[PDB]
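Residue numbers (PDB author numbering), protein chains in the order written: chain M, 5 to 244; chain B, 312 to 440; chain H, 9 to 234; chain L, 4 to 241; chain J, 2 to 179, 183 to 240; chain I, 4 to 126; chain G, 6 to 244; chain K, 9 to 127, 134 to 241; chain A, 335 to 430.
Where a beta carbon is used, it is the ideal one built from N, C-alpha and C, also for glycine.
This report concerns only the one structure given below.
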Amino acid sequence: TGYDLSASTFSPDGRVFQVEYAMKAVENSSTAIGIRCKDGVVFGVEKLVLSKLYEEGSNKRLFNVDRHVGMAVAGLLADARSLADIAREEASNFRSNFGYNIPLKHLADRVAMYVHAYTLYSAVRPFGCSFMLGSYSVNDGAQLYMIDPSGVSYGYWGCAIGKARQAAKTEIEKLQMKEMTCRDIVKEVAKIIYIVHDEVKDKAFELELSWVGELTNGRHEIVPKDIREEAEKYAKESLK
Amino acid sequence: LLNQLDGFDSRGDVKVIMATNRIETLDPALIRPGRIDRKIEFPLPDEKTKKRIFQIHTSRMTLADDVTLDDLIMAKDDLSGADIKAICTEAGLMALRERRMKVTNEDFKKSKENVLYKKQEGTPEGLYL
Amino acid sequence: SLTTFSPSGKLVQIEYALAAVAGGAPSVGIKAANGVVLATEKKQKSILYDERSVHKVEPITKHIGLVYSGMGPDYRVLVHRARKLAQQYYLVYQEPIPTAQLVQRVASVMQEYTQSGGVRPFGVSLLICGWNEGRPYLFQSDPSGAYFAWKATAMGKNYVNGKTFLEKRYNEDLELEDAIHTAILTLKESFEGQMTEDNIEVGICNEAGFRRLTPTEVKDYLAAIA
Amino acid sequence: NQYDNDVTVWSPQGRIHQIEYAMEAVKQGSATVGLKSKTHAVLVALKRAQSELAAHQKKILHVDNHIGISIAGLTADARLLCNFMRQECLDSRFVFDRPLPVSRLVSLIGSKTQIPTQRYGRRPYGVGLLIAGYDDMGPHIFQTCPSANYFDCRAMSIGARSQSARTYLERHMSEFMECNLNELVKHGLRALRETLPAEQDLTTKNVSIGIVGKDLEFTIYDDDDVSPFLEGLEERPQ
Amino acid sequence: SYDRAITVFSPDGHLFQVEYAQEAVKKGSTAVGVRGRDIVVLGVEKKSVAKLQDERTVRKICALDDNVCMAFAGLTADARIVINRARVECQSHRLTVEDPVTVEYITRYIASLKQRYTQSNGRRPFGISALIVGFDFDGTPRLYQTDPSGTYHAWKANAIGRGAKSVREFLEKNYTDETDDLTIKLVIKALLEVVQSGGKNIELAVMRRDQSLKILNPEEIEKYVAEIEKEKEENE
Amino acid sequence: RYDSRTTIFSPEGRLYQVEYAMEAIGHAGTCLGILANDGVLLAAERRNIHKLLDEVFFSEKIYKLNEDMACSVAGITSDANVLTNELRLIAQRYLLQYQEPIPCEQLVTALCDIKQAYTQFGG
Amino acid sequence: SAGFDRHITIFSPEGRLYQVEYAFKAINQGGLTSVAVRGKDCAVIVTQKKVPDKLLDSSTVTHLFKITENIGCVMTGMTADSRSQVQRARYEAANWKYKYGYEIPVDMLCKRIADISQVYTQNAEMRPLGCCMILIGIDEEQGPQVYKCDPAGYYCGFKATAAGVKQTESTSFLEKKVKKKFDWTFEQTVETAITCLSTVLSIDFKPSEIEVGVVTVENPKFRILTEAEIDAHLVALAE
Amino acid sequence: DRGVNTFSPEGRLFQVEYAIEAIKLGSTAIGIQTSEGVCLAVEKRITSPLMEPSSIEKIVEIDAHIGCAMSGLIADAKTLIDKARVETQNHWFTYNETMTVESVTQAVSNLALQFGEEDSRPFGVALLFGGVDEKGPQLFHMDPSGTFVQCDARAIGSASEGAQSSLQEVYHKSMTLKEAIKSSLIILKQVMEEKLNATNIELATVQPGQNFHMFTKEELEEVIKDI
Amino acid sequence: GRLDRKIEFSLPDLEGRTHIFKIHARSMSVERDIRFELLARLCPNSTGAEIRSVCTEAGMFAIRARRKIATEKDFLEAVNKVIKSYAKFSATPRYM
Ligand SMILES: Nc1ncnc2c1ncn2[C@@H]1O[C@H](COP(=O)(O)OP(=O)(O)OP(O)(O)=S)[C@@H](O)[C@H]1O
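Now the structure itself:
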C-alpha cells in the first residue's frame, strides 16, 4: 500500500513486501512435514487428487537430489523442479571436485545463497518455494534442514510446511523424538498427516512418505509404503 | 429558448443559426442533430488571403511600396484578422505622427510589434528549414 | 532522473548533491607564499571512538595533499581512483604528476559519473593542493565536475561565514605558521567550543614535500594559539 | 489491478495472474481428446476453418518415430516447441543411439518453459500439448500447461467445452484399459461428438486421429483411413 | 489509446508518429523537380539570405554519383546523415557491381534504411523526404521521392515542402505531353509558381543526363523571369 | 505532456531537449568574433570574477586546439572538456593520417556528428 | 519531504537519501543485541539467542562466525545478508592470504567489506544488504581491535562497541561505564559485558542463551566459550 | 494492454489484433485457385497522373513458378519478399530443386510472427501466395500472426467481407481459368471506386504449362473490354 | 411484471447499415443505379442520423448542382465529406 512493486526497493518501515508476499504464497500450498529420528530422517507430504483426473504417481514432490539427499517441496512445483536441478548441479560440482559426499550444511548454504541471489535484484522475483532437506552419514548422523522463501536456512528436529504449519507442530513436539527409530516414525508421520484435514475443505488426499537413514545404509528412497501398509490400518484406529 | 427555437413552435422557415468561437464548454443537449445540423470552423487566412487583406488595409495609407508585405505575411503567418487591421491603422498612426505620406518599414515593424506581443515563432522550430 | 534537462533551470540531482556537500562537516584550506595548509573539523559522536583509525587529511603522492567535505565512503573510492591514476602517470612519464593534470583527470572521472543515468553523483567536494615546480597550488573541485583555483577557501557548515572571515583575515603574503594560525582561527570560529588535539586534524605542504602533522605538534600549536 | 500487468509481479494474494491469463488463452483452442489402453495410445483432435472454401487448420503433427503431440492455443509457440522437441529428439537419437523415454523429454519441456515464466522479457507459452509415446514400459499420455506443471494421466481432454468430454472419460476410464484400437478410437470420438453442440454432426474433413502403438509407428490419418473409423456409430440419444 | 511510442498501433489502426514526422516535412522549404526527355531539372526555393554570411555550405542540392542528384525537405541534419550514408552506399555498390549506380537501387537502399531505422527501439524517424533524380540506363530520366515511412514512389514531376498542394496543382495545370527549351521555361514557370517567387531566393540546378551538375547564375534566371512576364503580357 | 525523454518527437513536430539545450545556452558567458582579413579575434566574458581566484590558467574560454585554431565556449562547462579533448584528438588523428593540418570544415562536421550521435540515440 | 516516494537510490531535496536510512533498521527487524568491548590485551563478544522451540537445534543458531583463524565476527539483522556478507569476508581474507602471503589485518578486511557495500550502494538495481557486522582480531604492534561495519559502507572501530536493537541504551551504559580509568583485566571485560547486557535487557538468565566469543593476546586464535565456563563467569559475577 | 509481452484477462492478441486491424486499411487483392492454374489480381489505387503505374509493386516474382501479392504496410512486405527470395535460392542451392510453396510459406512464417525487442515489432502485412508445385497449382494465404492456412480463393485487405461473400456466390471447385479471371475483375469493379481501365488493376496467372511470365500486359485491356 | 426482456443493440455492422442506407435513399430523390455495399465499406462506424446526414449532404450537393436522381458520385462527394471531410475534420491524407 504505497511501494511494494520492486524486489530491490525498501519500505518506509524497512522491509521488502515482495519477500512477504512470496512467503505467504507457499501458505496456500499442500501440507508437508518432516522429522528426524536417532538413525534417520522421515518425510511426509499430504498430497491431494484434483477430482478424478490424476494417476496417483505423477508429479511427486518427493524429489531425489543426491544419493543420500532429497527434497520435500511445497509451493509452486516447477520452481521447485528448477531448484532441485540447481541442487543436483551443486552436488555434481562437489562430487566432481572433492571425491566424496556433500555435507548438508554446505549444500544448504549454497542453495540459500542461490535463493538469496534471486531475492536480491529487481529484474527477477523471489522464489515461491519452501522445501526440506534431509541427510544421513556414518560420521555425522542425521541432519534435517529448512529453507524459507527468503533464504534463511537453519536446522530443526521437526518441521511443517503448508496450511497446518502450527497445527502439525502442535502435536509433532509431543513426540518422544530421540528414543525412537524411524520405523516407528513412519506410522507416526502417517498419523500426523492423517490428523490434519480428513474431509473438511477438500474431498480426498493421498500420502507419500520419503525415507533416509541408517536402515537404508545411507540411501534415500521412498518407502515401500504398501509394504507394512502402516497408514490405513492405523488411520482407521486414529479416528477414535 | 431551446423549447422555442428548435423544439416546440418549431422552425418552419425561421432562420436562427448559432455560431460560436469555441467547441468545448457546451451542453451536449444540443450537440445532437436536429437542434443544430451543420458546423463550420475558421482557420486564419493564408498568404493568398494575407496579401488580399493587406491590400485591403494597406490601401488606407499611401504605401511606401519598398516595405515588404510578404515579410509581414510570412513572419505574421497566423494573422487572424485583428493584427492586419490594427497593424495597418497603427502604422498609419506611427507615420502620420511625423505627418509623412509614405510609411517607412520601421513604422510597420513598430506598429506590428506593438500589436504583436508575446510572439516567438523561432526555434522551435526554429531549427530546420 | 539524469537524462533530461529541466524546462529552464539546471541539473537538480547535482544541486541536491551540492546541498548534501554544504550540509557536511566544515573544513578550511589556505594557500600561502611557500606552502599550503589544510584543516578539517573531525568530531566523534561519542567519547568511545578512536582517532587513529579514520583519517581525513590524506596524501596522494609524497608532495600532494587532499581533504574533503562530504562522505568518506565516496571519498575513499575516488581517493583510490586518484591513487591508481597518479601511479599510472608515474608509470608513463617516470615523473611525479602535476596537480593540474590530477585535477583534470579526477574531474573527468567525476564528470563520467555525472553522465547518465543509473549512478548517483558523489556527495564530495575536494580541496586539492600540492607543491609542483616551486609555486604551490590549491584546487577545489565539486560534484558537478568543475574546478577552481583558490588562495584560501572553506567548505562545510557556515562556509559563507568562514569565507567572510577569510576575506577579512587572510591576505596574499604569509608563511605556513601564520597560515595555520589563521586557519585554526577560522575553523575555531564555526566549530564547537571544545576543540582538542583530536577534534582537528591538520596536514601541510612544504616545498620539501607533503607533511601530515601529528597530534603532538598539533596539541603543541593549538594549545591556545591566540 | 495495477499490479496485474507483468510476469515478475507477485500478487497480494500470491496468484500471478499472467499465468491465469495464459490458462484462459489455452481454454480458447480447439477440443482434443487423448486416451490410452494398455497397449495403444490414441489422441484425437478437432479441426476448424477460416471460411467454407478454405482448408482446415491442422492439430495433430508428427514429432518422431514414437512421439506425437496434440496442440491448442498459439501456433508460433507450437512450432517453436515443435522444433525444440524435434531437436532434442534428434540430439539424443544422435548421441545415445536410442529412442527417448517420454518423461525426461517432458521434464526438458518444463525446464524449457520455465525461463519465460520467471524472468522479464518473454511471455508464458500459450500451448496445449497432449503427448503420446513409448518407452520400455508402454504408452504414456502426458499433458502440459502454460505454467509448466506437466501432468501424467490415463485420459485427458483440453480445449473449448472439454468438460463434457471429461465426464465421458470419468464414466469410461474403467472401460478404457482392456480394448483394442478400434473401439478405443470410437470412444475418443464418443468424446468428440459431445465436445460439439448438438445441432451439427462431426463430418470427415474436420476430425483427426493419430495412433502410436507398441509395435506401430506414430501415424496421422485424414479422412481416408478415417472413413473406416467413422462408421460403426449410432446417432446421439435425442 | 496511450501516447508513446512508434511501436504501438492506434485503437483504430494507425501509427501516429509516422504521420507526425511527416508534418515537419509538410512545414519545410519547397523544392520541385521535373524530368525532361534528355535533360533533368530541379531546384529549391527560400535561399533566405541573412545579409552577413556565406551560403556555399548550406546547399540543399548535392550528388552521390556523377549520374544522380539530391534534394530534401524537413530538417537538415537527418538529410546530412542520409546523404553521408548514401555516398558510402553508392560507392559500395561501385565496389562490387561495376555499373554506374542505378537510381532505383539507391532509392530502395534509402527507403530500406529509413524503415529499418523506424522499426527499431526508440530511434527517432528521419523527418525528411528526398528527391532522387538520375538517368542511367540508356539515358532514361527518372525521379523518385521518399517518405518517413520509407516508400520510394516514382513520379514524373514533384512538389514538396510548404504549400506543396498548390505547387503540384500548378504542375498539374501545366504538365503537357508536348526539347530542353520547354523544360527550362517549365522550370521558370515552376519557380514563378513558388510560394513567394521573390526573384532572388531562387536556386536551381540541372543535369543533361551526360554532364554533371550545373549551378546557374541569377541573371539568366532574371531574363527567364522577363520572358515569363513577356508571355504573361502576350496572354492579354 | 510529451516530455519524458530526448526521443521521440512532439506533436507538431518539434523537439524538447534541443530547445531546452538552447535555453541552457542562453544563461552563459558571451562570446563573439569579428570580420577581419589578415587576422581574426575573439571576445569573452569572465564568469566568476571574484577576488580570491588565481588566473594562472591563461585561458578559461579559449582553447587553442591544433596550432592555428582556437575556440571559445559557452554553456555547461564540464561537457566542454569531454568535447575539447575529443576534438583535439580528432584533428590530431587527421594530422597523423595525412601529415597536413586539418582544413577545419571536416573538423566542424566531425564535432557536429559527435553531438548529433547523442541527439538521435536514447536515452 | 517525499514526495519523491524514495523508490530508487537518488538524492532527495534537503538533502538526504532514504534508502540507506531505511536499511539502518533492517538491523532492527532482527530483534537481537550485540556488545563488543576492548579494554586491554583481550577482546570480548557477547550476543544472546532467541530460541523459543525445543524442536529447534542449538548448535546451528550460532551467530559468531569465525572468519579466519585470528579474526572473529558476530552478525545481527536479517540472516541471509549476514551469511552472504560472511562468505564474502572469508573469500576476501583468503584472497589476501593468496595475493600477499601473510595474514590479513582486521582493518583492511573492514575496508574491503565497506567498499563492497559502497559499490552495492553506488550502483542501483541491487538491495543494499541490510545487516551490520562487528569484527574482532589481534594485531601485532597494535594489540586487539574492535571494528564495526555499516550497511552504508561506513566502517569505524573503537573501544566499547554495540549494535542491534537496544544500543542507544548500551552506549549510554558504556559512556557511563567507560569513563573511569581502571584497567580491564579480562574478567573485568567479561563481567562488564555480561552486566551491560544484563542491565540493557534486564533478564539475568541461564548460561544457555548468550554466546561469548573472546580473543586474547595469549592464544591469538578465535575462541568460543563453553557452557561450563560461561556458567563459571556468570556465577563469578553473582553476588 | 500496452506492449507485446502481456496477455489479456480474456483472449486478446493486442500486439497482433491491432496488426490484423492494420491490414484492413490496405488495398484489396483477390487470388483464386483453379486446377488449370492460379490467377491473381490486385488494385493499385493510383492517386496522381504523375504516379507512374508500373513502379507500384503488388505482384512480385519469387521463383519461376511462385508469385506473390502484398498488403497494408509496404516495407514489412519488402523485408519478407527479400528474405523469401534469398531462401528459395538456398533451397535450390542445397537441393537442385524448387522449394514448394508450402515450404516457402512455412519458411516465411518461421519469422513472420517472431517479433522480439529483447532476448522487432510484429509485422503489418497480409500475403497471398500462388504457385505450382508437384501437386499442381497451389493458393496459399498467411497473416501477420503466422497462422498460415491454404485457401481456395482468398481475398484480403479492404472490402474483403463482400469480396468473400460474392466470391462464395460464384466460385466452385471445377471452375475454369478465364471464367475465374472475369469473375475476379467483376468482384474488383464492384469493390473499387474508380472506373476500371488499363491502369487500375494487374493480373498474375501461373499455369503448369506456362510457368514463366505470371503476368498479363495490356492484353488485360482486351480482357477488361470483354465485360 | 415491470420489465422482463432486457434487449440491447449497438452499431450494426453493415447489413442494418445498408438497409438504412436504402431506407433513406428511397426516402428522397436518388439514383437507383447506385449500390450500398461500396458505400457500406466507406461507413466505418455511424448511427442512422449520421447516415441520414450523409443523405443530407448529398442533398446539399444536389442543391449546388441540379440533380434529381442523386447519383453515387453526388454520394461520393457526400462520402468524401462525411467520412473524410467530416470523419473528424480532415486529418487523414499525405501518407499512403
Ligand atoms: N435502426 C434504425 N432504423 C431506421 N432508422 C434509423 C435507425 N437508426 C437511426 N435511424 C434514423 O436516424 C435518426 C436517428 O434518431 P435516433 O436514433 O432517435 O437518435 P438517438 O440519439 O439514437 O435516439 P435515442 O437517444 O436512442 S432515444 C432517426 O431520425 C432515424 O430515422
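{"Asked": "Cβ contact check for the region 144 to 164 of chain K and the region 110 to 121 of chain K: 3 or more pairs under 8 Å", "Found": "yes"}
{"Asked": "Short Cβ contact (9 Å threshold) for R38 of chain J with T183 of chain J", "Found": "yes"}
{"Asked": "Neighbourhood of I214 of chain L by C-beta distance below 8 Å, restricted to the same chain and skipping five residues each side", "Found": "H43, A44, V45, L184, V188, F221, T222 and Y224"}
{"Asked": "Closer than 9 Å to chain J by CB, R135 of chain K", "Found": "yes"}
{"Asked": "Near-chain I residues of the region 95 to 109 of chain H (beta-carbon distance less than 7 Å), N- to C-terminal order", "Found": "none"}
{"Asked": "Where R339 of chain A falls, given that 16 or more other Cβ within 10 Å makes a residue buried", "Found": "exposed"}
{"Asked": "C-beta atoms of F227 of chain G and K102 of chain G nearer than 9 Å", "Found": "no"}
{"Asked": "Within chain G, partners of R220 of chain H - CB distance below 7 Å", "Found": "Under the 7 Å cutoff, chain G gives no residues; its nearest Cβ is about 18 Å from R220 of chain H."}
{"Asked": "Chain G contact for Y155 of chain H (CB, 9 Å cutoff)", "Found": "no"}
{"Asked": "Check whether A177 of chain K and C47 of chain K have beta carbons under 9 Å apart", "Found": "no"}
{"Asked": "Below-9 Å beta-carbon distance, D4 of chain J vs any chain I residue", "Found": "yes"}
{"Asked": "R343 of chain B CB to nearest heavy atom of ligand 1 below 8 Å", "Found": "yes"}
{"Asked": "Three-way DSSP call (helix, strand, coil) for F123 of chain K in this model", "Found": "coil"}
{"Asked": "Interface partners of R428 of chain A on chain J, CB under 7 Å", "Found": "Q23 and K27"}
{"Asked": "Limits of the unbroken alpha helix (DSSP H) element including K423 of chain B", "Found": "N416 to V426"}
{"Asked": "Secondary structure of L390 of chain B, DSSP reduced to three states", "Found": "coil"}
{"Asked": "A383 of chain A CB to nearest heavy atom of ligand 1 below 8 Å", "Found": "yes"}
{"Asked": "Member of I:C74, I:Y23, I:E58 and I:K54 whose CA lies at the smallest distance from the CA of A46 of chain I", "Found": "I:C74"}
{"Asked": "Chain I contacts made by the region 37 to 61 of chain J, where a contact means CB separation under 8 Å", "Found": "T58"}
{"Asked": "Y83 of chain H classed as buried or exposed, judged by whether at least 16 other C-beta atoms fall within 10 angstroms", "Found": "buried"}
{"Asked": "The region 24 to 36 of chain I: positions lying closer than 9 Å to chain B by Cβ", "Found": "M25"}
{"Asked": "Segment contact, 8 Å Cβ cut-off, at least three pairs: the region 53 to 61 of chain G with the region 183 to 192 of chain G", "Found": "no"}
{"Asked": "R124 of chain J: contacting residues in chain I (beta-carbon distance under 8 Å)", "Found": "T10, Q123, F124 and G125"}
{"Asked": "N- and C-terminal bounds of the alpha helix (DSSP H) containing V53 of chain M", "Found": "Note, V53 of chain M: premise wrong, no alpha helix (DSSP H); not H, not E."}
{"Asked": "Beta carbon of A209 of chain J nearer than 9 Å to that of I225 of chain J", "Found": "no"}
{"Asked": "Environment of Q147 of chain M [buried if 16+ CB atoms lie within 10 Å]", "Found": "buried"}
{"Asked": "Any C-beta of chain I under 9 Å from that of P435 of chain B", "Found": "yes"}
{"Asked": "Uninterrupted beta strand (DSSP E) stretches inside the region 201 to 227 of chain G (no shorter than 3 residues)", "Found": "215 to 221"}
{"Asked": "Buried versus exposed, by CB contacts within 10 Å (16 or more), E180 of chain G", "Found": "exposed"}
{"Asked": "Within 8 Å of chain M by C-beta, residues of the region 122 to 145 of chain G in sequence order", "Found": "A129, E130, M131, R132 and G135"}
{"Asked": "Stretch pair the region 121 to 132 of chain H + the region 156 to 165 of chain H: three plus CB contacts closer than 8 Å", "Found": "no"}
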